[PDB]
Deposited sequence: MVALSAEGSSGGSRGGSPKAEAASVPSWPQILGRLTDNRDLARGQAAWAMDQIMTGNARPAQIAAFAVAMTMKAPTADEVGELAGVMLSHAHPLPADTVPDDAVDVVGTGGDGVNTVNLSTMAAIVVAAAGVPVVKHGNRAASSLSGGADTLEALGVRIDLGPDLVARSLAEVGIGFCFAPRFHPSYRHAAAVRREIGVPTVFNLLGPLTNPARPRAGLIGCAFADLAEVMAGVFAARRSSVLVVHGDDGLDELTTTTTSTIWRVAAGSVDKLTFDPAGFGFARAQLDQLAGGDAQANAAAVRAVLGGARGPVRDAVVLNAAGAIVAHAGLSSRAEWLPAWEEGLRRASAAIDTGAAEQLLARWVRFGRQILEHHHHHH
């Protein structure tokens, strides 16, 4: 394989041969690619329209180079709650809040996360502001998961070889196929998740990658553009189960939720967003709670799919709400903060 061969194929609008995307990614992640080659590949793959096979190869190479969690430390039914980001709306940290609630309902959560790329405060930034340790390596994430019920895998900590693509992605600015990879490369490799996708036309491709792994995942795109299940309108859900992908539209009104305005979900800096988390876990009613409960329920539905759509959602909403109302979610965050200080 070569860069002229692979780039030529992509610029002729042809799907790559098996292994070529993987060759390319490994060149990038071993530091052997020129910035121009990285850029050309990212842009060419994006404009050609990447396939699930190709994206699966890219994610596969990343996982092959990632720091793994130690053996037998991740429950077979662990779940992720994470998105691509890049929706350009700068909301409160819905995945992060949902993840805490889900863990507090008793579902093991091993969350992939990162700092913001465009938003004011990313999930890692807000957790940091809350006193949660976002710097833990493999051993300690495994202990967090065992002792607290949730572990946070800070992406740069687990994916140091991905640094080689970092400057190039920033310099070109524009989203590419690489913006699909975050949720696909959780180093603990949980088999269930509620996965946000900001890019409506590529969500199906992400879903295809999870289907090839036989993951139980809901890939979600709010029809208002959010990489979350939204409360302002319907959401599109690519449901992944038993290796197949089913496309659905989801309306929260079907479960008694009132329509919200997008500005009701607006975020701010790390301190402002940390305060927003504290308010929801404290039992404040309103639009931010509703969106958290909705997304937590989605994660629980994905979890249930590891082993029907309507009762699953009803049970998910019931469990997410109870996890907040009992105080369990607020207590879990406190215990998480205390685990880190120890």
* To do: Provide the list of deposited-sequence positions lacking C-alpha coordinates, grouped into contiguous ranges.
  => 1-25, 333-335, 371-379
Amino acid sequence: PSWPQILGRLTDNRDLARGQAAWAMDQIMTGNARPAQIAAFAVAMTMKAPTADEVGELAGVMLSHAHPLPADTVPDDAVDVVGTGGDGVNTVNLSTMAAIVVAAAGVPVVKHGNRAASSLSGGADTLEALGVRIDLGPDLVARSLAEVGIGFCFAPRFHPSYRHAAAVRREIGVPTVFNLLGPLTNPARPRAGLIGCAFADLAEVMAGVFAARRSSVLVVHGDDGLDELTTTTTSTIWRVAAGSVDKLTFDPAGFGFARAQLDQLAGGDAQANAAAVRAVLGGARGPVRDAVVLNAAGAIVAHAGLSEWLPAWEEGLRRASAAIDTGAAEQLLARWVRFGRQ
From here on, numbers count along this sequence of modelled residues.
* Is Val89 left out in a third or more of the other entries? -> yes
* Asked: Does a third or more of the other compared entries skip modelling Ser161?
  -> no
* Asked: Where do the C-alpha atoms have the higher mean temperature factor in this entry, in 283-291 or in 51-59?
  -> 283-291
* With reference to the PDB entry, specify whether the mean Cα temperature factor is higher for 216-224 or for 251-259. => 251-259
* Structure fact -> Reading the B-factor column for Cα atoms of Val132, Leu184, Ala155, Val240, the highest value belongs to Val132
* Which is it among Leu120, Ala104, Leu229, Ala203: the one with the largest CA B-factor in the entry? -> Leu120
* Asked: Within this chain, which third does the Cα B-factor at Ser161 fall in: lowest, middle or highest?
  -> middle
* To do: Could you tell me which third, lowest, middle or highest, the C-alpha B-factor of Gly113 occupies within its chain?
  => middle
* Please rank the C-alpha B-factors of the chain's modelled residues and tell me whether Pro68 sits in the lowest, middle or highest third. => highest
* Grab the CA temperature factor for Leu136 from the record and place it in the lowest, middle or highest third of its chain. => highest
* Structure fact -> Split the chain's modelled residues into thirds by Cα B-factor; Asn273 lands in the highest
